[PDB]
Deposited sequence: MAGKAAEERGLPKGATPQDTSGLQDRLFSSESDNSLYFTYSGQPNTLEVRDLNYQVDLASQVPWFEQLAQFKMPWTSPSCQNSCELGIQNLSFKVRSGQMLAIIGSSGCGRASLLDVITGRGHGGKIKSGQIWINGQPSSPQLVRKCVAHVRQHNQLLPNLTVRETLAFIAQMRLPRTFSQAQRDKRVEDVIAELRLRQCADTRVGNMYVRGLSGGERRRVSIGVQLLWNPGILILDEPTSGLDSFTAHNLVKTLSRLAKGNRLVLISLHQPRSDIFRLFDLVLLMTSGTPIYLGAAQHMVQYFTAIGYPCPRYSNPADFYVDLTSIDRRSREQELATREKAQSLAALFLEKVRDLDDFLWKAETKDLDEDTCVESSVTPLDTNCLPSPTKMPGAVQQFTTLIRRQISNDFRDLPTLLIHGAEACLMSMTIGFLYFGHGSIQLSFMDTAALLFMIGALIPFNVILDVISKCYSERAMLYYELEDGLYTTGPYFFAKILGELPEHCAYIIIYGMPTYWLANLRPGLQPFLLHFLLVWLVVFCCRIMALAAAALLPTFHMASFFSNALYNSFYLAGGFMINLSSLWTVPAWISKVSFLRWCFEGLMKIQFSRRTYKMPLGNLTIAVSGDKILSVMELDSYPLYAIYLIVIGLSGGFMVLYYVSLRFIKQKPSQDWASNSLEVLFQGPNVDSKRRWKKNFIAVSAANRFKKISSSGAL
């Protein structure tokens, strides 16, 4: 205990003031195999669940908090603060610290802490109170030397791993919860950092709180700092009490722990069921059941404010990611340059009519690939954060839609500028200000509709691969339905209806009606089938398709769970 750091600050700067919280699990029988789990913890004690802390896809902490995607056959009771557990009570009193961190990398610690504070604290708290709460949270977890350092994860400089875990704990601790529950806090951390994090969690539990910790294989030094320990093997509790007396318990029942051996490891190795054989499976199950039998016989703020906070956080996060913005600008510039130089109109030989039609069709139908790719990548790169912030109750999935839309709007507009403005002059299209502005507006609206379609496809499907496949299928069905590939006339019932809702066909028709109308003539439009809808009608149809895709995306965000 003398090898680790000893010159620390044992002060408690952010304590929980209020009634002591309690958590009592009585005769829990969780299957699909927890059997006869029963304990009672109060505020001021740190409970560490050692052994097999999982039951398949959902850990024990998720079962206690009510979460879990697998089966939930229930046969017991869970009383939180003296009342039966419920999603409302869990969201109101219980805070959860997941194993995988979900933080925006382009934000400092103080910025994201203030954001979470103003999104969590009620609207009656003044700004000074919010800054004071943020400062108390920073001082409590010894994060004062990193209050201005980026919290960026790997692929970015950012800060350390233990400091990132402390930042996550502070984010989950800003609203001053009464019960904290962390699963695998020392996952992927060095030994000294894990020891310091365990000491910090013990101090937090001492600060009039109830801290539960999940640890599958705790180290020898981590086990020495445990206040209360719960040994679970094959879903059955074998021991429940003080860690320092744990060995003293087993020696009392004819199971001494030899010297120079981790007690936790020695006791999870002895009572573990062996799956390599079949005759030893029950041979160890009987010992586990007898030990379990001896153990049992021995004993605010609102919606507009949330939207503003979300859009400000998004703007501050994406406007500082220089590599991604530069990559997107490079893609836009490359596309524009190849499109304008392949169809270079300045020269002795001008562009033909079919050449101009193909140029417009390519301008319309070459962006969706990169657009959908980047949009789906960005959506699946932050799905866990959104899912957890929706489960914990930060926003009500309403302001998040408009926040995301108005956050991607400026960068999308810059991309559209870079892709479309230095392409209209290189190709030597119809000169003037009105046709160029109309072309730009139509391209902007079409790419916006494509972005909304990509967002809806990414939010509707659970995995990145199937979402990308469905989006590519939709894009290809809209591409083949265009007015340039299959003549827009050799379609019987289904492809015609697909073309009626295909934004690429409408974009091509609008560009044709902008370029070739009363130029040198509408007869080239008459030999084709691009003269049955006026320009404003095409714009309104594109706007309606964008609105329908927005409604679909909103319905998918509201009803479909964004499971990572």
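The chain's deposited sequence has unresolved stretches at 1-24, 57-86, 354-391, 613-625, 670-715, with no C-alpha coordinates there.
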